[PDB]
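Participant:
Chains as they are written, first to last, in PDB author numbering: chain Z, 222 to 742; chain C, 222 to 742; chain A, 483 to 534; chain X, 431 to 482; chain D, 587 to 638; chain Y, 587 to 638; chain H, 691 to 742; chain W, 379 to 430.
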């Protein structure tokens, strides 16, 4: 419409109904000019870290993280009362757009409105561009609604061939100006809608049974087993006798079972105490990248973090592995710290019921055939892939964690649940790209065929609103005794948690999982 | 609509009809940026003065005071002609909104219009936020229609636990961006309507009878009483005789009565003459807070001011108590004065008919059982709560006084009439919040996930209009002789009262109650 | 329920202390009374209470 | 809290007697009636609509 | 009980001679008499409590 | 404050141990407990106050 | 039973009634070794908060 | 229920189940009980051995 009419309103809510919750988030954004209106190819040849790609002039909106859409109170209502969650529909608006001229004259900068400038926006619905939004990276909305955020710069990668960055004929370039975009002046606004595909509910419960205890404790099995090959308590001694017995109540380690625990790949275990670790450098041939479990893709090492879902240490335990996601509090300065008290540790220990431990093993296998002259021998199974009859539990979603990931486009995949948590989606929520339209500066009055390198310095601000419809399963359980609940236990504090501080800073001092309520196997 | 079209008009009126008066007030406001767009938690640990809470970036409109809605002539028409008053409906408009850029270059500031900036507005109709508007505080509209006022900054408190400010798990934080707001550019306007719940009329009359004189002076009672236990005029002397008599006309202190005066809690009495007071310091262990009647809430002292409704001294009397509200004239400088001539004293003395005096007592009680060997003894009743059969009169409303208060949300309450005067309301007129939308400054051209700390300096101005429908009860009394009226008695003046002065200042030099007309019990 | 104590008198003259009808010691003083604008009023009957 | 229901950022327009004397001590100093506006930060002195 | 007792402080009690109404009280009105008044006019006032 | 101070009379305060309800009070009821009673019968009486 | 759901706009998390009991030889709120059912805590109803 | 480590002690995640907390039919000698069920679609078991 006009320059003096607002093209949208501020909406932040959570609306709760039966089997349904709708969240709406509104933020203020600022968009700079990226790469001085240029596409730049980027890439470094650095062993395993070798990459190549392009940084675009464009930018994109990332809401992918849960604390974007929920207050800490709403996250509490969700995880205390409900067994399951999943997204249903989505709507995004971009409005109240303001383009700013910035001028420097005497050495000090002034800002004015440019009323005739445009900003370009398009959503990629058909996924024709590389999808970077699921990578677990910064640029998501700030969790606190009053904070203003910079729109992140868009860029992508391409095939790395070996450890060298040089491109081959299979590398692709993508110009985003080669897409239809809407162009918006201050009166214009943008809107797009999306439908989530049907996906299994996330499990917001922990199991109240163990996979190996699923039996009736009062009863014997009708199955029989070999109890011993000899009399007495000692190995390689006594009389050789095959002793069979009915499998009685009270020895439940010997019970025949229908199901097996899930897959495992062992992780290296580290201590939060510096004195209990061996001394492993960050770089060199002995670098810690070497001694963590890694995968090799085309000759390059990649840390297997988090990896397949596995039980891990408690968040307050001394030991930890790469199977645990780590978040930071405010206290660190400069992206490095020597103290674990400044970090937020994630624990999967809830799934220790159905899942093998991350740092222990799947089990121990008998690797020979014993006989009268051959003693039995066992080896550890450190990594055991999936076998018929296994059941397992996924990693938990976190309030600081990602909501979804895009299932890679491949003909094979197995159990397409993202390993950092959340909802695997063949077609995920689309990326919405935004750039400032270049405004040339004062040109030469004689013609040149050279491209224009000279531009007015500009940036834009505006409002973005995301609405997500969530489907929730309420807990119907018949458990008699009270559940674990997520509560505020923090006690007496100089400054409230989950609130702004003395100086106006909003920090998240805890990591909150979704698993409080329980369910039986 | 547009930038060149006004979105509202100036309306200031009082419209008088039968049983009805409608007031309309229009003011010009200015809204700054508060806390540099931040939420700040605030709190000091100071014994009884310990508090905690948050100051918001937002602001809110307060019309709660009577001189906002009435001219001194309209207040006169009301209180001379009418026995009763109460609000009925309300409508608020906010319009003609102007956002200003302010720039500093050479050391001197310039102001320009920013046509694309917005201001955010919402009314909290469902009372989900702490209601601060009834607290008897500054930020109400100026009584004089030509004056421009700053919009007050919004903030709230929370539970104080003991005398320490530290928060517990019961303290709540409130983000106002977590509410749906309308966003307004210069062409946009805002409107909201409200209905008052049914409330008893305020009594604009004083009683022309005394609670203890309600009898017929010409007649005896048929009741009998014990006149004396002895002959003669002296205590503990004479012959012991039980003497009974009919209760005759002319002794009206002995008459049996159906009703009792209201409740009392004694106040300390102070003199406006410095030499007639004992010397009581402002601070220390002997501080005046100690020797005023106070209440203890969770260990903290609070002055009981005004307290329950009680008769008090005349506004021109030497003595005064905390039961009297005090207003200031212009003369004081620096929020302190040693002279009472600069203040406006409020008097409740009209209610001395039905109410016990604030500084005297409810009465005197017989605290023993006398007998031949035991002399009778009496004690003062300083504080007597309500007993069946009491009747009382509320504190009066003042032209400088608050119109309403929000009845606290609690399961018990008794006679929910605000103690500073006015209309107790379960659902009061809503708070209407307003803030300037942050406009980021020139950002960095490389991405950072840090929040934006850099902002264009802005403020907004505009117009606000409040319309209240009032219901009034006209006086029908059969009194033969003339009433007391509120009049201009001021005599010959160098400068008119209730008018601007030589230099253009508008001051209120008197405090005007509502009680002039009389009514019989 | 609520209470405000009353002075108790005997119908037997010898069991009462000697209280005159008038004066500064007058019986109006030693009965429970209320003060309204400085005046004493006997609190008779007063709030409902069990009695003899 | 019932006694904190106010806005912590704002003063009342009400005035009160702060002290009857100069100095920090009882029964000492010069006898002076000192009045002041009731400022933000002393919330024990605020006039209130409700009682516990 | 008007104090707080402790190992060094003996407990002390005072009489409640006049106690106003508190939440949870129940009471009975005075009786009507054959020689007594039938009605009274409730005073015209904005407050009153249990207008019997 | 149980007296009236003056130049020759120091101020004096007493404790209010029992204070009945006065106009303008607000209060909160006792909480219900999982081991606690659900209801009570309001006594049959002509007066009662806040029958919780 | 009729229940009112909490609609509050509080940003930060509430206090909740939870099982905090930790590691136990015998579960609380469950029968014991010998078949006895005991209640080892007293549970009020007040966890959630509301502003005045 | 969940075994935590090699120790039997329960944690807060252990659940108790009272079966009297379910609706039951009660039967005297003349009464009888009946219930029906539908299997979900499942692959046939293979009752053959492979000849290749």
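The beta carbon of each residue, even a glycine, is placed where N, CA and C say it ideally should be.
(1) Rank C:315, C:341, C:737 and C:434 by C-alpha distance to the C-alpha of residue 411 of chain C and give the top, closest one.
(2) Skipping 5 residues on each side, what residues in its chain have a beta carbon closer than 8 Å to that of residue 612 of chain Z?
(3) Please list, in chain order, all residues of the same chain as residue 586 of chain C whose beta carbon is under 6 Å from its beta carbon, the five residues on each side excluded.
(4) Is residue 441 of chain C near the ligand SAM, with its Cβ less than 7 Å from a heavy atom?
(5) Please report how far the alpha carbon of residue 393 of chain W lies from the alpha carbon of residue 421 of chain Z, in whole angstroms.
(6) Does DSSP classify residue 426 of chain C as helix, strand or coil?
(7) For residue 282 of chain C, decide whether its Cβ has a neighbour in chain H, counting only Cβ atoms nearer than 8 Å.
(8) In this structure, how does DSSP classify residue 259 of chain Z when only helix, strand and coil are distinguished?
(9) Among the residues of its own chain, which have a CB less than 6 Å from the CB of residue 583 of chain C, if the five just before and after it don't count?
(10) Just list the beta strand (DSSP E) runs in the region 357–389 of chain C, keeping only unbroken ones of 3 residues or longer that don't cross its boundaries, in chain order.
(11) For residue 376 of chain Z and residue 277 of chain Z, which I take to be in contact (beta-carbon distance under 8 Å), what is that distance rounded to the nearest angstrom?
(12) For the pair the region 359–377 of chain Z and the region 713–731 of chain Z, tell me if three or more CB-CB distances fall below 8 Å.
(13) Would you mind reading off the limits of the alpha helix (DSSP H) that contains residue 241 of chain Z?
(14) Looking at the secondary structure, which residues open and close the beta strand (DSSP E) in which residue 307 of chain Z lies?
(15) Please classify residue 630 of chain D: does DSSP put it in a helix, a strand, or coil?
(16) Looking at C-alpha atoms only, which residue of W:407, W:401 and W:389 is the closest neighbour of residue 712 of chain H?
(17) Give the DSSP-derived three-state secondary structure of residue 701 of chain Z in the structure shown.
(18) Could you pull the start and end residues of the alpha helix (DSSP H) that residue 510 of chain A belongs to?
(19) Can you tell me where the beta strand (DSSP E) holding residue 515 of chain Z begins and where it ends?
(20) Looking at the C-beta of residue 554 of chain Z, does it have a partner C-beta in chain C at a distance below 8 Å?
(21) For the beta strand (DSSP E) holding residue 446 of chain C, just list the boundary residues, first then last.
(22) Where residue 220 of chain Z and residue 644 of chain Z are concerned, what is the direct C-alpha to C-alpha distance, given to the nearest angstrom?
(23) How would you call residue 627 of chain C, buried or exposed, if buried means at least 16 neighbouring beta carbons within 10 angstroms?
(24) Who are the near neighbours of residue 696 of chain H in its chain, counting only those whose CB is closer than 6 Å to its CB and skipping five residues on each side?
(25) 8 Å is my cut-off, CB to CB: does residue 490 of chain Z come that close to chain W?
(26) In the DSSP assignment, find the unbroken beta strand (DSSP E) run with residue 548 of chain C in it and report its ends.
(27) Expressed to the nearest angstrom, what Euclidean distance is found between the alpha-carbon atoms of residue 523 of chain C and residue 274 of chain C?
(28) So, residue 430 of chain Z versus residue 468 of chain Z, is the Cβ gap smaller than 8 Å?
(29) Report the start-end ranges of each beta strand (DSSP E) in the region 599–665 of chain Z that is 3 residues or longer and not cut off at the edges.
(30) Taking 8 Å as the threshold (C-beta atoms), are residue 683 of chain C and residue 614 of chain Y in contact?
(31) So what does residue 329 of chain Z bridge to, in DSSP terms?
(32) Within this structure, are the beta carbons of residue 617 of chain Y and residue 734 of chain H separated by less than 8 Å?
(33) Using 8 Å as the cut-off, can you tell me whether the region 323–338 of chain C makes contact with the region 322–334 of chain Z, which would need three or more C-beta pairs spanning the two stretches below that distance?
(34) What are the uninterrupted segments assigned as beta strand (DSSP E) that are 3 or more residues long and contained completely in the region 561–585 of chain Z, given in chain order?
(35) Nearest-angstrom Cα distance between residue 495 of chain A and residue 594 of chain C?
(36) Just reading off the beta strand (DSSP E) that residue 411 of chain C is part of, what are its end residues?
Facilitator: Walking through what the data contain:
(1) C:315
(2) 432, 480, 481, 482, 483 and 575
(3) 600 and 602
(4) Among the components modelled here there is no ligand, and therefore nothing to report on the ligand SAM.
(5) 25 Å
(6) Of the three classes helix, strand and coil, the one that applies to residue 426 of chain C here is coil, per DSSP.
(7) no
(8) coil
(9) Within the same chain, and ignoring the five residues on either side of residue 583 of chain C in sequence, the residues whose Cβ sits closer than 6 Å to its Cβ are 485, 577, 602 and 605.
(10) 369–371 and 374–378
(11) 6 Å
(12) yes
(13) First-last for residue 241 of chain Z: 241–252, but that is the beta strand (DSSP E), not the alpha helix (DSSP H).
(14) Unbroken beta strand (DSSP E) run through residue 307 of chain Z: 303–325.
(15) coil
(16) W:389
(17) coil
(18) 509–512
(19) 515–518
(20) no
(21) That run of the beta strand (DSSP E) goes 445–451.
(22) Residue 220 of chain Z is absent from the structure shown; chain Z starts at 222 and stops at 742.
(23) buried
(24) 738
(25) Taking Cβ atoms only, chain W never reaches closer than 8 Å to residue 490 of chain Z, which makes this a no.
(26) 547–549
(27) 19 Å
(28) no
(29) Segments of the beta strand (DSSP E) lying fully in the region 599–665 of chain Z: 599–602, 625–627, 644–646 and 652–657.
(30) no
(31) Paired residue(s): none; residue 329 of chain Z is not in a bridge.
(32) yes
(33) yes
(34) Secondary structure within the region 561–585 of chain Z: the beta strand (DSSP E) runs of 3 or more consecutive residues, fully enclosed, are 564–566 (chain order).
(35) 13 Å
(36) 411–416
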